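This document starts with one chain, in the form deposited in one PDB entry, laid out as structure tokens.
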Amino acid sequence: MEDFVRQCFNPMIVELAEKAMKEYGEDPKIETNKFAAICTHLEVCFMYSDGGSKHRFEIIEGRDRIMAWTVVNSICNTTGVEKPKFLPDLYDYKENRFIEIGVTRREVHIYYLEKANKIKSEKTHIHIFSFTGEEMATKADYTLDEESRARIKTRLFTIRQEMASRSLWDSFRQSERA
């Protein structure tokens, strides 16, 4: 699994993921499924941000904490949007709302409710993806065009397929907890 991550994700993504885990006191070489989940999530976030107009999205995930909240607070101050309690993943300039992205090894609906329950904030939009082609977004508003979405969904299947061809999928798939 460690070798899989290092081969399938780019070095920038792998460095951010390694850093995030170490910040929690976890070793990417040991909690290898979490390493892969974090990389996959980061990758999805970057793809989503590249999926509309140039400049449509501000990326929040992947920034250090200080720069993250600088972006968030600056956005809230300039748009008067409500200040979220937790850092979201992106801001959508066109819709004027924060986005929370989830990638799940379980099922799209359960993860959606878990995110909803954490968020509280009425405004932050939630969009969940799975590795089996499903998606789920607040008020069935999927934000991006279906071709952008299809590229994310396809990339996640392609990850799943690679993990399975290395016999990594079964363990990965059962590693996410409520």
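Start at 1 with the first residue shown and count on from there. Definition used throughout: the rigid core is the maximal C-alpha set that superposes within 1.5 Å between two forms.
Larger average C-alpha displacement in 7 other deposited structures of this protein, relative to the shown form after a rigid core fit, is seen for 67 to 75 when comparing 67 to 75 with 91 to 99. Displacement analysis by core superposition in 7 other deposited structures of this protein ranks 17 to 25 above the other of 17 to 25 and 160 to 168 in root-mean-square C-alpha distance from the shown form. In this entry, 50 to 58 shows the higher mean Cα temperature factor of the pair 50 to 58 and 105 to 113. Looking at mean Cα B-factors across 118 to 126 and 33 to 41, the upper value is held by 118 to 126.
Among the modelled residues of the chain, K139 sits in the highest third by CA temperature factor in this PDB entry. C76: CA B factor lies in the highest third for its chain, per the PDB record. Among the modelled residues of its chain, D27 has a C-alpha B-factor that falls in the middle third, as given in the PDB entry. For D89, the recorded CA temperature factor ranks within the lowest third of the chain's modelled residues.
If you look for the form solved in complex with a small molecule, you will not find it shown, but the lines that follow are about it.
Proximity of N10, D50 and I59 to the small molecule in the deposited bound form is complete: all three residues have a non-hydrogen atom within 4.5 angstroms.
At the 4.5 Å threshold, heavy atoms of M163 stay clear of the small molecule in the deposited bound form, well away from it. Not displayed here, the small molecule is approached by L16 to within 4.5 Å at the level of heavy atoms in the deposited bound form.
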